[PDB]
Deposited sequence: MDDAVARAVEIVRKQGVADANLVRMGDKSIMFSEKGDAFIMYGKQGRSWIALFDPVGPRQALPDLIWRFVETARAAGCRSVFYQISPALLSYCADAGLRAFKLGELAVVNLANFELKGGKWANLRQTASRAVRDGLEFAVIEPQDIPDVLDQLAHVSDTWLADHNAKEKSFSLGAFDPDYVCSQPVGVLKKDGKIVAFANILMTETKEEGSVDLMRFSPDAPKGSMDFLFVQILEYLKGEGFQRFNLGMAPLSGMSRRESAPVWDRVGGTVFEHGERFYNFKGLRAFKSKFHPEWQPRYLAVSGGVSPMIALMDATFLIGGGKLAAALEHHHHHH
């Protein structure tokens, strides 16, 4: 009785790459009546928190959203939609939810991207140095990931240790073998070993691609992150994709400050905004929507606890 595998079937058929986060298995799933759309969500504090836009055909969305919001209310909890797109603002408002800007998503139009055409000098130069340093890129399909799982784990473990970092959840994936083997990975190799990898989040519609995990061993040279992103970008472009999402960046007032702190905590694991700006991306806003007139502060703190695994040790270091 695997709700997750059923949700994956819906993911494959739509265009939102980040809906693949359902594959982590740590989110509950609520299906539409016809079974053609779903909301994946978590529970934290007195909140039910949906992750991203509801997934599936737009026609299923108003009843599905309403079911989610009413089910949370019946359980004594507020309802939250975490990191929704502009196209969901009207649907969420029609269910009584107010939206607040969370940050912006960096999106690369793959048709126009031309590494050597003149508009991306910094990335072109960095990619040259990467090749000269001996870095090679490959995409590894799921069934071929077990054979390198020891190398991926080496990269992941040393990355976490290097950054004194702990695994997150909900909106961010973690090095869980079932999840890691479920989607293709892009890897960098040097001197015969993998020194970096990212999972490549795709769908069958070839609209949008993204990455979730992205990690580097101490043997990854400087510029490895730039090169891995460019290499995955070109792979997706070559496979016919329209867009490559590089991830969220923090918001460019107690409300706005809490929003900024939340983004600083969670949006800077695979390059800062300045790194994303090297791709001259389109910046698309994303939102937190909350029921009941509650201030976005409460919902965002619940999301912070939820992504941190139910824990929050301290404020971030700031001067």
Numbered from 1 on the deposited sequence, the unmodelled stretches are 1, 254-264, 332-335
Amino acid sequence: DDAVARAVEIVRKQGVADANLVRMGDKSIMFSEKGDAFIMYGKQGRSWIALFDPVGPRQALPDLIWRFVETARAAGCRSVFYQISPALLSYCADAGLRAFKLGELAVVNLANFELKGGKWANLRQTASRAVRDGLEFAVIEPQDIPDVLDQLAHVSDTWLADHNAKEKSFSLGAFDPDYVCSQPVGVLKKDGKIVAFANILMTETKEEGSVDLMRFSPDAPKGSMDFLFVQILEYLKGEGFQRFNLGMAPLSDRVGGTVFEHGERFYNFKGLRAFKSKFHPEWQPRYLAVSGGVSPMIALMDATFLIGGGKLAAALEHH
From here on, numbers count along this sequence of modelled residues.
The stretch whose C-alpha atoms carry the larger average B-factor in the entry, 294-302 or 13-21, is 294-302
Avg C-alpha B-factor, entry values, 231-239 vs 170-178, higher side is 231-239
Of the residues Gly76, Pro142, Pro86, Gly209, the one whose Cα carries the largest B-factor in the deposited record is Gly76
From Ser90, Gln151, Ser217, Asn199, the top C-alpha temperature factor is at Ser90
In terms of its chain's C-alpha B-factors, the third that includes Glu264 is the middle
Of the three thirds of Cα B-factor ranks in this chain, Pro54 occupies the middle
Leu288: C-alpha B-factor third of its chain, per the entry, is the lowest
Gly118: CA temperature factor from the record, placed by chain third, in the highest
Chain thirds by Cα B factor, record data; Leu312 belongs to the middle
